[PDB]
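Next comes just one chain, in structure tokens: the form deposited in one PDB entry.
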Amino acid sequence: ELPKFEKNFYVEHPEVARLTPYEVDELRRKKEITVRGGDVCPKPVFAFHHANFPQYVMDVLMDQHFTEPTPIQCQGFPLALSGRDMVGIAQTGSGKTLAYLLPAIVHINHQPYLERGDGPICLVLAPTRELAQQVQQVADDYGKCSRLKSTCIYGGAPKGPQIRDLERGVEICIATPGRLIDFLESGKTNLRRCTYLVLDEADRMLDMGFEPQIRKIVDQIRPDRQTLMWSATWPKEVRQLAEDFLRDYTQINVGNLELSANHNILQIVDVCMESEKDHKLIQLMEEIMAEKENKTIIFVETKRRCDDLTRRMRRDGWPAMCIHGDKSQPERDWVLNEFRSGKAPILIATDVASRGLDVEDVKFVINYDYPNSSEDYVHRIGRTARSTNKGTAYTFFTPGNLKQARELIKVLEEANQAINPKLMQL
């Protein structure tokens, strides 16, 4: 007794249709694409015009001076445009956002118009407020010359304007889970029209803190929806759990199937004692801040250490500001915007800034504290070397971090990085 709908909007372009099985295999080999699943996977595309996006989307793309789709776009576009459930795993900074947003636009464009009272057609869930806001900004860039309406549903901002967006009608909603659950409970929106569901940073969204919130939301979406999950990491602990939210899905990987970092990052690991970190940070910042572009993110383990380090650095004269979950949302957005503009070129952060954020010209990531997992390491260092850029990561590793040493060495080896002998000694 539910309304019928379509989700397959894909026809192979003739240039893709006429690829031989050998040419398709060589395309996947050269782009390091692996596909797994029960149904035959569509061939990868290799040019944007193979996707038959609307002309206004092509104009924004051709603006960006992208010369070709990234590997995850090459395989993700035709899978998503074909209406398939999918998990897309690809390196940080490799274009996963447009891999799900552009097929969302195509999906929306083929659905019946929104009538007053209708909820969103596309829902994208993200683990942090700033990431949700960033994704909405990308969506609006590509739907600017269309009649597509978006909103960002997230905590720490006034409800009024969000409620008015939902009441007027939005085709795409980007949300963090808490505020969305709030609005769903009180009937400020509903998911009766949601047929395209994206979990960005999906392995984070399926962790112990988020999974009950995600389950509460996704339980309200029709099971014949299309579900698309994306991340740079896919640890064993979330894999069978993810299948609770997927039907007849295909998994795409780019690069190594094990945990791996973006190979455009120069990864440096300094094995030292906890007491040596502050002196070594000052030495490092003295070298970094004498360079032309010096935009740097410094990651620490706790909100308290974030505050303490920022206070100490600002007193020593460094133009540093911090972002963490105990700051007000206006202060969080203000600090991130000053970092984006370069007015505050040093950002000190908890893991609130470890995933998804795409900031122009970050040249250095410093792990002042090694993170809680090697997956977090891969996301943190991926704040640099995004798109066709390189960058550097510098990590302080203490004997207290020993239990993480083996997994860190494997990541370094997979990325062809030089291994500090003091690290291998551990």
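Residue numbers run from 1 along the displayed sequence. Between two forms, the rigid core is the largest collection of C-alphas that superpose within 1.5 Å.
**Q** Pick between 216-224 and 151-159: the one whose mean CA B-factor in the entry is higher.
**A** Taking the mean B-factor of the alpha carbons in each, 216-224 is higher.
**Q** Comparing 228-236 with 271-279, which has the greater mean CA B-factor as deposited?
**A** Looking at the recorded C-alpha B-factors, 271-279 comes out higher on average.
**Q** Can you tell me which of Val352, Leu266, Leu101, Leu241 has the maximum CA B-factor listed in the PDB entry?
**A** Comparing C-alpha B-factors across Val352, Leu266, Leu101, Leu241, the maximum falls on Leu241.
**Q** Reading the B-factor column of the entry, which of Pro371, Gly400, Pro42, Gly391 has the highest value at its C-alpha atom?
**A** That would be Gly400, according to the entry.
**Q** Quick one: classify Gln55 as lowest, middle or highest third of the chain based on its Cα B-factor.
**A** As the PDB entry reports it, the C-alpha B-factor of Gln55 lands in the highest third of its chain.
**Q** Against its chain's modelled residues, does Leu114's Cα B factor rank lowest, middle or highest third?
**A** It falls in the top third of the chain.
**Q** Among the modelled residues of its chain, does the C-alpha B-factor of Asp358 lie in the lowest, middle or highest third?
**A** Its C-alpha B-factor belongs to the lowest third of this chain's values.
**Q** Would you please rank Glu171 by its C-alpha temperature factor against the other modelled residues of its chain and give the third it falls in: lowest, middle or highest?
**A** Tercile = middle for this residue's CA B-factor.
**Q** Lowest, middle or highest third of the chain for the C-alpha temperature factor of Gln75?
**A** Lowest third.
Beyond the structure shown, there is the form deposited in another entry, which is absent from this document and is the topic of what follows.
**Q** State which of the options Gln220, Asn109, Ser146, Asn294 undergoes a Cα shift of 2 Å or more between the shown form and the other one, taking the core as fixed.
**A** None of the others reach 2 Å, which leaves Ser146.
**Q** Would the C-alpha of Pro54 be classed as shifted by 2 Å or more between the shown form and the other one after rigid-core alignment?
**A** The answer is no; the displacement is under 2 Å.
**Q** Do the C-alpha atoms of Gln251 and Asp39 sit closer or farther apart in the other form than they do here, given a shift of 3 Å or more?
**A** Compared with the shown chain, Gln251-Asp39 is closer in the other form.
**Q** Relative to what's shown here, the Cα pair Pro78 and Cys145 differs by 3 Å or more in the other form. Does it come closer or drift farther?
**A** Their C-alpha distance shrinks by at least 3 Å in the other form.
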